[PDB]
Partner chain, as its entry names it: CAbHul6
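Presented below, as structure tokens, is a lone chain in the form solved without its partner chain.
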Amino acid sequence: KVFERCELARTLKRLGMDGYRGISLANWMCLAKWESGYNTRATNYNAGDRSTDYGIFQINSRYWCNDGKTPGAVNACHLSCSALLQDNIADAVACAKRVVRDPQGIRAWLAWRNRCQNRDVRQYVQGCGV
């Protein structure tokens, strides 16, 4: 599904994302926005290394989820990449949390750096009651 902004903000908050590993909700919202456009069905194949980004946070199969067809891949969230395509984002969120428990934190996503780091990300949560 394609989440409405504030719908997603409250959904992420209820799943314990606000301030997870020191990351505010507005950052997570900025990430989901630029990665998938708040789209859980979003997938992007990477011809260069034969891996695929899945779901709202576009998590990569080469490292975080298992899709069976990615060469020399690992499964750090221990989930089928299919779980990253559900309308219910609890699995995607548990995986995003696993991702940020690594040193890089939110910086794991290159896109967050380009579009979110050092920017006023207030607008992502404005009026959502979070």
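Numbering follows the first chain given and starts at 1.
The PDB entry records a higher mean C-alpha B factor for 43-51 than for its counterpart among 43-51 and 99-107. Two stretches are in play, 52-60 and 75-83, and the higher mean C-alpha B-factor belongs to 75-83. The entry assigns its greatest Cα B factor, within the set 70, 88, 36, 27, to 70. Across the options 9, 23, 121, 15, the residue with the most elevated CA B-factor in the record is 121.
Another form, the form solved in complex with its partner chain, is not on view; read the next lines as being about it.
Along 65-94, a non-hydrogen atom within 4.5 Å of its partner chain in the deposited bound form is carried by 76, 77, 78, 79, 90, 91, 94, in order along the sequence.
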